Amino acid sequence: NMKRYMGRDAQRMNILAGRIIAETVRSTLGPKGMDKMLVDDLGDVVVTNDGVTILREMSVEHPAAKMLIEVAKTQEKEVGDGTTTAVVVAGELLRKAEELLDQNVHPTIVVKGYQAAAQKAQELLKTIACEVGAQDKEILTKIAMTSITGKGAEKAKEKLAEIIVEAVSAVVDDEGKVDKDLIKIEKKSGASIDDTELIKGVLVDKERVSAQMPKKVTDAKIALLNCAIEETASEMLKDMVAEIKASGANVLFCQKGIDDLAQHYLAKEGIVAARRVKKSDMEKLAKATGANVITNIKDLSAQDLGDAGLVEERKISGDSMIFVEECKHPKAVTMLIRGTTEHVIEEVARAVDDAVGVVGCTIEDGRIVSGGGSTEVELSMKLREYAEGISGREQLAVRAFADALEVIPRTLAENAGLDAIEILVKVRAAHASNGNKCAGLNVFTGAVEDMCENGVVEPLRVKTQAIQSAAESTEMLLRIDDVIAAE
Amino acid sequence: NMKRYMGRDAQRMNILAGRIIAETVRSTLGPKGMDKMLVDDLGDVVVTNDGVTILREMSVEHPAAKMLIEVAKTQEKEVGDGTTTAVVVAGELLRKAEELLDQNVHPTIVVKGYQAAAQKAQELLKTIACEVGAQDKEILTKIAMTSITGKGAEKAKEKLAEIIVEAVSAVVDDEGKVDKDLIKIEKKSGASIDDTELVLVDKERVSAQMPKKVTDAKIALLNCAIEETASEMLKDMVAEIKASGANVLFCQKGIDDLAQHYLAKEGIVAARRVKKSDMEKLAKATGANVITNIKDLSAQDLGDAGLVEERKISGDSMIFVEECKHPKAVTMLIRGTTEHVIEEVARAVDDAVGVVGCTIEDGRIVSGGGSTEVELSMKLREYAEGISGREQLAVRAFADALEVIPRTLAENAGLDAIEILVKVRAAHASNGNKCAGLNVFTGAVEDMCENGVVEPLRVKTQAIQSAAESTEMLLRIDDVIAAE
Amino acid sequence: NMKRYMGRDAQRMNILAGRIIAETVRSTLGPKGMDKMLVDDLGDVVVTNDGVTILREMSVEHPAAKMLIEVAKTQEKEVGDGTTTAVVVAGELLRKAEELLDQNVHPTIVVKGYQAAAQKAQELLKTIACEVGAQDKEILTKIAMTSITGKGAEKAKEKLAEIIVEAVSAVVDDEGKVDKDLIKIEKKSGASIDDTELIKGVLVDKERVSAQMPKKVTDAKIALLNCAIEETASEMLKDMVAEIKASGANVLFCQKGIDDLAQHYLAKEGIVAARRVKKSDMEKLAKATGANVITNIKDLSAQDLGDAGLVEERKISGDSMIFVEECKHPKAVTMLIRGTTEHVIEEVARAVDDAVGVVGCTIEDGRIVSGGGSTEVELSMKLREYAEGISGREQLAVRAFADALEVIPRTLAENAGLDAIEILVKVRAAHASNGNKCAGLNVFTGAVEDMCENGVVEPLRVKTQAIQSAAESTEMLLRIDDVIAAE
Amino acid sequence: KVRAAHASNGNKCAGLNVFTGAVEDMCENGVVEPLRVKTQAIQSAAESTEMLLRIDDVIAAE
Ligand SMILES: Nc1ncnc2c1ncn2[C@@H]1O[C@H](COP(=O)(O)OP(=O)(O)OP(O)(O)=S)[C@@H](O)[C@H]1O
Ligand SMILES: Nc1ncnc2c1ncn2[C@@H]1O[C@H](COP(=O)(O)OP(=O)(O)OP(O)(O)=S)[C@@H](O)[C@H]1O
Ligand SMILES: Nc1ncnc2c1ncn2[C@@H]1O[C@H](COP(=O)(O)OP(=O)(O)OP(O)(O)=S)[C@@H](O)[C@H]1O
């Protein structure tokens, strides 16, 4: 009771389960990659190329397959981009492992070489990585450009990448990490894609509570009140209005409802107010302007008020919304991501998400590597010669580890249309002795080109995390010989 | 009615059932051993290498298999480490037994030799065991290091083993046993593993009026409610706690708002609605009695802690009941990144505390890595030579079964289990080494005493006696009656 | 309607049913005998070697098999030990019977010889039985030693047998039967087996109610109160305590609760008291010391108080318990049977049960016979020569009765490992002419030895009851030719 | 073991001795074979396999 496989029947059951889900996302990789449509129990339709979003929301029930969905889940959590690459490598590491298992090379000699090779792969990637001075904006634009590319060449326009770099370099808390939560993302409509602007303000989908109040305010000290400013019919709000005036706040964002009596008194003072702003927008206003959300009107302080640079009720795209925005030295930045349809906007929103990560990782690390399966060949040849200096049966585990690294450049040709056998030799011979280190496959051109001059560059964290997450997972999976599954 | 197997069909049914569960945990043994994932009815997932935790929580229904889950259950209860080794030996003793049963050698002649060999095995392990002075801290560090190793080489760091020895040598009540309950285990978060420094109740104080940290506190554990109305009916209840002389009060039920003022008026600190699991922890750690009546609360029913403090550790404000100085009680703040890591680092110390505590109580250690298994095997085969009768073959099969552990160590290492089994066997003859064993990382046969691979004598002596007595009883069954 | 077997199909149906349950308990016999595990409908597990406990609690449904579970049931009721032997003999008497039935020798000629042989077997056992008169303690120790042996050689220790004889010889109501109910059995834990003590006494699992009270008293008068000595806060117990002092009882056993006020006053007088003693222990204290159970304090008498020799709160085996010991002439004796685990204690409790029976039977009867299948050979050869002096077809029934007696010494070799065909000749030839009468098989030695010098002896009632109970049952079963089973 | 013992320079004459077990120098052991044993065996096997890899249709009568 109830389900058990013995030795050889258990090892092959776990390896096959990891490989079968790897082939599901193997076509998606590359600029010439494919998309997947997922229809669940509800009949809800969603089409995505992103490898991590496929594995999470589809029906998977095999115990061994569920353990491999933790690799991509920790890939999107740590890096973001390279979720597809982290899964495919893990599948090839299982394919090269079972070839050794059939020859009676023991799993612990395999795990001995696999760990030692991954330990050397991390210290070899550091030497081949290029340094991009944290504020080297011309390279940071290329890194951002490489991130937008892959999701679409038409999405990759010169002006878009220049906007993203300016936002990330500003939110750096010296010295000197990058917080991704400091950048606010707004999804609004209107004929755009090109009208996407780099913004200084939360965009609140609301108006002014009274038409008597000013349409625009200068240098607004913003009081974020969570508490209700409410009443009857006997001016019981003149205290509540004066308490806000005591702090010196000319703009008031209220999360709850503002009563009609208070609307007149706040308009008489000259204070602009808004009733029932979304809880999501209130948390944005607190971090962007530097404000504190206060849940009591009697204790509202002047040092709990935020500072904005432009507050205006513009009738943009027809809808009259409150522009907060605009800042001399902003530690928080808002991105007004706009497009024709909401489904386009959400895609342009997720495209920036990857572009923010890579530039943020470059500032924190220093470090980029050549993409398009370029550094995968350099690391592969450097670990095979590293295997030569290893005596024993653990050498063959390092050899299988290095031969598994050539799967990414091989799959990039599989989805491109070109032969995966011919190019795999062309790039391999173009890495020997000295040059290039930066030689890779360009899927549009066809011939092997220098990736440094093309503008195809990825952060070092995209490659270092993907290898370590796949190695640690495959090492654990090769340590299972008995499976106990109840029910 | 309802199920019965006859003679040969009953003996083979019981032997096969014991062997089939032995192979389930046979791959887990060794530094390069395998792990097991168990998915039960609820869909709850847990991965473990520990042999005893697998057999307890998995679905086992065969009558003969359930009897062998009492060997490892009494292995973790008596020793702790060596739960895997105790099961594998019992499986090999059944394999070597049925080889004799098919040759028409009577089971009582088998049980005659098996007991006589186990009686000799216990009086042969005593010589090959090395004496470890109770406060020889350089060897005690090695014993602790050998305990952490096996669960992970990355877990085995030089600084960790030095911390453990200092705690165990301090809690020794002269003279001169070691109480494992004196060491308090705390599970907290924070970027640690290395920040691990030499009861934690998830609650606060019932009133902000009450103070925060005493020295030499007396703790009254009350199960009964301290409750009321609006006419100071708690002034008796508060004074009855003051009558005993307890400045700290842990209440399992609810404390009423009127009593909160009066307890804080005296200076007594109270906590309302502490979990039943935590109340049983506080009673055994401090030495307290759980009292279910406020009228009979005595001063000798109170526990004694060293340091009680409401620290805001990891954000959460919790009651730190530990502590001391020149200390008969020690607290271990076991910390790590995720809670699942912390619990594993907590269980790794559990084995490390046991071995050092056993070394102080006994004196005694034996070489690990399948080293003393070969020495005992060759000494019992020559012991079999001086036995006349058919009971000799039972002693020979008993001694040949002892070479299973060194054989399985090579099975999971990668090296040949047939080649090394000869190399070590030849390196034990005449005199040297007695301490010769297999090092899975090096590959070649090395001296285990110089490598630092040492285990307490109780790990080997208990495992043999628990496996021998179980297999002796299992070979005494010829008819099985299973109703329903 | 509904079930019936005709003649030959009915006789063979009943004989086979008696033999199949006999083989179930056939392997349990002997010092190297096997144990049986019984799993019922509830899933309750219990392992036992004792033959009578197996047959009672296991699922048996055949009509002929249920009638044979009355032999062992009346064996444990009359004797105690020899429940296994009584069943195996009955099975062999059915095997030797159907060999005669297939040869067309009529059942009434079979029952004619079977009764006549059993009538002679009883008068031949009396001549071969050895006399050890009722208080011959050196032989009584051997009889007790022989009873403990069979359940375990490690259980058979010199000191244990000496303790049992002293208890049985004391509870004899002159003149001069032995009541087995007079010996109280207590099952308590602690590192023992050797710490098992003879109590003319009760061992109460409790302490003193107040630490102010004395710890050891000589010639103590014990008042057994069943009523509660209780109160408020106005010394309403000074009457109750003085009423205890009015009788003259320095020791006080209370079944209910003693109030805290009374605890001080009883300690002031010097009277030792205990609160909430188990009802089982209170009935023990009343019969051992010679006390009365007392419920309503107001009437306390000196002639209801029991008399003990030594009352001491010893911290034996860690636990501090009240040692009520040292009676002078006890007609009732308590045995504090102790061991490590409760499952060990229960086995050491049942081992004494057989040891009490045999010594009690020796005092009531006078006799012992040699065990280990020794007297079974002597009676077998003496009945074959008795068969020679019988003319007719009833002779073959006596011959089959005598040939069936050699099953016990044969089965003793079966479970020993030695050949059951070779030894069966060795002992048979060693009984001819004169010697030995006390020659039998020692399973540990292997060779045939004199059982009288070895110390292997069993009471005559163990053999005489087992033969008569098996003979009368088999005689009735051979008288059935039609079976009517409804439903 | 032998593959790593051929790198850079030495040995060229390193091989496996089946009786000893460990890798030994074959020149000092006395294990030597003529060049024609190796040169003929390669050329005879290469020319045969080259011809066999040139067949895509098989006609077998009877
Ligand atoms: N123009 C290009 N020419 C060649 N390779 C490219 C080009 N643009 C991107 N790549 C490479 O294609 C890979 C990215 O392919 P994708 O299909 O986006 O998968 P992924 O980035 O691994 O995972 P996602 O994006 O999270 S789904 C990286 O290895 C890039 O270096
Ligand atoms: N470095 C080492 N070299 C060789 N043998 C070792 C080494 N460290 C430990 N051992 C041996 O490995 C065995 C311990 O293996 P484990 O897999 O931990 O199983 P166990 O201790 O029998 O049971 P657990 O720990 O309770 S699961 C002992 O027989 C040790 O003596
Ligand atoms: N040391 C011994 N050597 C030879 N025979 C022995 C020895 N001890 C006991 N016996 C015999 O073994 C038989 C007792 O075996 P047991 O298995 O205890 O069965 P039983 O007494 O018939 O039934 P139980 O005890 O009620 S289950 C008797 O016939 C004894 O005379």
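At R0 = 22 Å, how high is the FRET efficiency between A:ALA153 and A:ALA447 if r is their beta carbon distance? Nearest 0.05 is fine. Each step should come with its number before you reach the end.
Working: r = 18 Å, r/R0 = 0.84.
Plugging the Cβ-Cβ distance into 1/(1 + (r/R0)^6) gives 0.75.
I need the per residue convex hull volume for the stretch C:258-392, using only the alpha carbons, in cubic angstrom as a whole number.
Numbers: hull volume 32.1 nm³, N = 135.
Per-residue hull volume (Cα only) is 238 Å³.
Using a 10 Å cut-off around each Cβ, can you sort B:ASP40, C:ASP419, A:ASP481, C:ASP281 from fewest to most neighbouring Cβ atoms?
Values: B:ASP40 16, C:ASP419 12, A:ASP481 24, C:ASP281 21.
Arranged by neighbour count, lowest to highest, B:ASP40, C:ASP419, A:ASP481, C:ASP281 become C:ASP419, B:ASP40, C:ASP281, A:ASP481.
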Using every alpha carbon pair in the stretch B:32-118, what percent of pairs falls into each 5 Å bin from 0 up to the bin containing the largest distance?
3, 11, 18, 19, 19, 12, 9, 6, 3, 1
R0 = 41 Å: FRET efficiency of B:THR127 with B:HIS261, Cβ-based, nearest 0.05?
0.05
Step by step: find N for the stretch A:339-455, compute 2.2 N^0.38 Å, then divide the Cα radius of gyration by it. What's the final number?
1.33
Can you list residues whose amide H is under 5 Å from A:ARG314's amide H, if they're 5+ apart or on another chain and H is modeled 1.01 Å from N?
A:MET321, A:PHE323
Peptide B:37-45: average number of partner chain Cβ atoms within 10 Å per residue?
4
From the C-alpha gyration tensor of the stretch C:200-330, square roots of 5λ in Å:
22, 16, 13
Greater than 27 Å apart at Cα, pairs in A:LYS159/A:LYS331; B:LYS77/C:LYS256; B:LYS120/B:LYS180; B:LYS73/B:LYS218:
B:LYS77/C:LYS256; B:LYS120/B:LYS180; B:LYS73/B:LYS218
Going fewest to most other Cβ atoms within 10 Å around each Cβ, A:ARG19, C:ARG428 line up as C:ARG428, A:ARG19
Per-residue mean of C-beta atoms belonging to partner chains within 10 Å, peptide A:101-107
2
Please list, in chain and number order, the residues 5+ apart from A:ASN250 or on another chain whose amide H is under 5 Å from its amide H, with Hs placed from the backbone.
A:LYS221
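Of all DSSP beta bridges located in the protein assembly as shown, what percent are antiparallel, nearest 5?
On the way: 90 of 142 bridges.
Here the antiparallel bridges make up roughly 65 percent for the protein assembly as shown.
Using only the Cα atoms of the protein assembly as shown, what semi-axes does the equivalent ellipsoid have when each is the square root of 5 times a gyration tensor eigenvalue? Give whole Å, largest first.
Values: eigenvalues 1211, 563, 194 Å².
Largest first, the protein assembly as shown gives 78, 53, 31 Å.
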Once label points are set 7 Å from the Cα along Cα→Cβ at both A:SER301 and C:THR48, what is their separation, rounded to one decimal in nm?
8.0
Find, to one decimal place in angstroms, the Kirkwood hydrodynamic radius of the stretch C:445-487, where the mean of 1/r is taken over every pair of different Cα atoms and then inverted.
14.3
The relative contact order of chain C, taking Cα pairs under 8 Å that sit 6 or more residues apart, comes to a percentage of 25
Normalised contact order of the stretch C:340-487, rounded percent, pairs of Cα under 8 Å and 6 or more residues apart
27
Could you tell me the relative contact order of the stretch B:199-327? Use alpha-carbon pairs under 8 Å, at least six residues apart, and round to a whole percent.
37
Any chance you could check the Cα centroid distance between the stretch A:86-142 and the stretch D:5-62 for me, in angstrom?
36
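Residue separation times 0.36 nm, minus the C-alpha to C-alpha distance between C:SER391 and C:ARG95: what's the value? Mind dumping the intermediate values first?
Details: separation 296, 0.36 × 296 = 106.56 nm, distance 2.33 nm.
That works out to 104.2 nm of additional length.
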What are the ³J(HN,Hα) couplings of the stretch A:410-416, residue after residue, when phi is run through the Karplus curve with 6.51, -1.76, 1.60 and θ = phi - 60°? Round to Hz, x for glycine and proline.
6, 6, 5, 8, 4, 8, 7
Over 14 Å [Cα-Cα, the stretch B:146-207], rounded percent:
70
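Give me the tail of P(r) for the stretch C:90-201 as a percent: Cα-Cα pairs with distance above 21 Å. Don't skip to the answer; put the middle values down first.
Numbers: 3797 of 6216 pairs.
Value for the stretch C:90-201 (Cα pairs over 21 Å): 61 percent.
Once you charge only the Cβ atoms, +1 for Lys and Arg and -1 for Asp and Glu, what is the size of the charge dipole of the stretch B:185-310 about its Cα centre, to the nearest 20 debye? Let's see the in-between values first.
Values: 18 positive and 22 negative charges, 33 e Å.
Charge dipole of the stretch B:185-310: 160 debye, to the nearest 20.
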Under 5 Å between amide H atoms, partner at least 5 residues away or on a different chain: which partners does C:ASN226 have, H built in plane at 1.01 Å?
C:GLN255, C:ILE294, C:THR295, C:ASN296
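Based on Cβ point charges of +1 for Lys and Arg and -1 for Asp and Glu, what charge dipole magnitude is obtained for chain D about its Cα centre, in debye rounded to the nearest 20?
Roughly 380 debye, rounded to the nearest 20.
For A:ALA429 and A:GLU23, FRET efficiency with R0 = 41 Å and r from the beta-carbon atoms, rounded to 0.05?
Details: r = 29 Å, r/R0 = 0.70.
With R0 = 41 Å, the Cβ-Cβ based efficiency is 0.90.
On a 26 Å Cα-Cα criterion, which of the cross-link pairs B:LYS112/C:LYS151; A:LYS188/A:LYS216; C:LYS36/C:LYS177; B:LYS155/B:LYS281; C:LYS184/C:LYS245; A:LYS66/B:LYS184 come out too long?
Working: B:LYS112/C:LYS151 16 Å; A:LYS188/A:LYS216 21 Å; C:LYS36/C:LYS177 35 Å; B:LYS155/B:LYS281 28 Å; C:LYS184/C:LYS245 31 Å; A:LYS66/B:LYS184 37 Å.
Violating the 26 Å limit, Cα to Cα: C:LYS36/C:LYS177; B:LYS155/B:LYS281; C:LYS184/C:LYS245; A:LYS66/B:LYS184.
Taking the Cα centre as origin and putting +1 on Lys and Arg beta-carbons and -1 on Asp and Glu beta-carbons, what dipole magnitude results for chain C, to the nearest 20 debye? Walk me through the numbers on the way to the answer.
Values: 63 positive and 81 negative charges, 53 e Å.
The calculated dipole for chain C is roughly 260 debye.
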Put a dot 7 Å past each Cα toward the Cβ at D:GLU62 and C:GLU235; how far apart are the dots in nm?
13.5
Label A:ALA242 and D:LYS38 with points 7 Å out from Cα along Cα→Cβ: what is the distance between them in nm?
10.8
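Can you give the direction-averaged projected area of the convex hull of the alpha-carbon atoms in the stretch B:1-149, in nm²? Before the final figure, lay out each step's value.
Values: hull surface 50.9 nm².
Reported value for the Cα convex hull: 12.7 nm².
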In chain B the DSSP beta bridges are antiparallel at a rate, in percent to nearest 5, of 65
Can you list the HN-Hα couplings for the stretch B:468-484, worked out from phi with the Karplus curve (6.51, -1.76, 1.60; θ = phi - 60°), rounded to whole Hz and with x for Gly and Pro?
5, 5, 6, 6, 5, 6, 5, 7, 9, 10, 10, 9, 10, 10, 10, 7, 6
For the stretch A:101-111, 3J(HN,Hα) per residue [Karplus equation, 6.51 cos²θ - 1.76 cosθ + 1.60, θ = phi - 60°, Hz, x = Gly/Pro]
6, 6, 8, 6, 7, 5, x, 6, 7, 5, 5
Among B:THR337, B:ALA97, B:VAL453 the positive-end extreme of the charge dipole of the protein assembly as shown (Cβ point charges)
B:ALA97
When ranked by the protection proxy of mean other Cβ atoms within 10 Å per residue, highest first, what sequence do the peptides C:216-223, C:463-470 form?
C:463-470, C:216-223
per DSSP, antiparallel bridges as share of beta bridges in the stretch B:199-327, % nearest 5, sits at 55
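Give me the mean projected area, in nm² to one decimal, of the convex hull enclosing the Cα positions of chain B.
Numbers: hull surface 113.6 nm².
Value for chain B: 28.4 nm².
Fewest to most neighbouring Cβ within 10 Å: what's the order for A:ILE480, B:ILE69?
On the way: A:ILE480 22, B:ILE69 16.
In increasing order of surrounding Cβ atoms, one gets B:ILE69, A:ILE480.
Cβ coordinates were reconstructed from backbone atoms using ideal geometry, including for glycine residues, and neighbour counts include every protein chain displayed. Rule-based calculations on the coordinates, nothing more; no lab input.
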